[PDB]
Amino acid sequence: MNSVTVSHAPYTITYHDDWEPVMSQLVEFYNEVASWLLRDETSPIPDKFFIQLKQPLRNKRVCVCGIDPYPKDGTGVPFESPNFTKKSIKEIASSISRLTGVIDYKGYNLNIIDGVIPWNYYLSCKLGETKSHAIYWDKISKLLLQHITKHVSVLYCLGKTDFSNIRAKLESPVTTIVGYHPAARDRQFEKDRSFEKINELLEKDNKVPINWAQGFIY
């Protein structure tokens, strides 16, 4: 790990070596825009905005990406709900239960799966207001997702409206699946074959599949 100083809260960013190439730009861009982020109470809190930068990238094959943190109770870990109450993670767990045949579990966390990096495209929102910080994160969000997609083989984005033009934010032709959000009407996430397709796409690329059952909390 390594640390660098910013001129605004949270003052210090700690990062895994694999993120070094973006850190100079990140510090510059965060110093420019952070006053707009810090006007508001946020999800997550400022001290948690950057905790996913402690994750390695060189062992990652899939990025599972949502647009922004939970509007309340974000932890800094995308999708994480320690008490297993947020609808998104319960719906994801239900999909994985059907795919894997694991019926008995207590929770689910995308951040304990080998080869998967869960991601929030925007790293904060004003508390209670989805997508409220989009304009502020936009340059950082592009910088970070382009860095991720130098490493992963498949990008899976959740939310058709929010990610329809995600290609335009990238600099490579990385394999990208854009599926329904867990809260899409007519229970369209339930029927979505996106999780299953990821391992088909990895196998076609001669990459080891994801063991989705690793996310269960027993």
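Heads up: residue numbers just count along the shown sequence, starting at 1.
Trainee: Return whichever of 180 to 188 and 58 to 66 has the greater mean Cα B factor according to the PDB record.
Mentor: Averaging CA B-factors over each stretch, the winner is 180 to 188.
Trainee: Read off the CA B-factors in the entry, average them over 103 to 111 and over 140 to 148, and name the higher stretch.
Mentor: So the stretch with the higher mean C-alpha B-factor is 103 to 111.
Trainee: Quiz for you: based on the deposited Cα B-factor, which of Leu158, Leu53, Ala168, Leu37 is highest?
Mentor: Result of the comparison over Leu158, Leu53, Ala168, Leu37: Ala168.
Trainee: Sorting by Cα B-factor within the chain, modelled residues only, which third would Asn199 end up in: lowest, middle or highest?
Mentor: Within its chain, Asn199 is a lowest-third residue by C-alpha B-factor, going by the deposited values.
Trainee: For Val6, does the deposited CA B-factor place it in the lowest, middle or highest third of the chain?
Mentor: Its C-alpha B-factor, which the entry lists for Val6, ranks in the middle third among residues of this chain.
Trainee: Ranking the modelled residues of this chain by C-alpha B-factor as given in the entry, is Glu80 in the lowest, middle or highest third?
Mentor: Lowest third.
Trainee: When the modelled residues of the chain are sorted by Cα temperature factor, does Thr130 land in the lowest, middle or highest third?
Mentor: For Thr130, the deposited C-alpha B-factor lands in the highest third.
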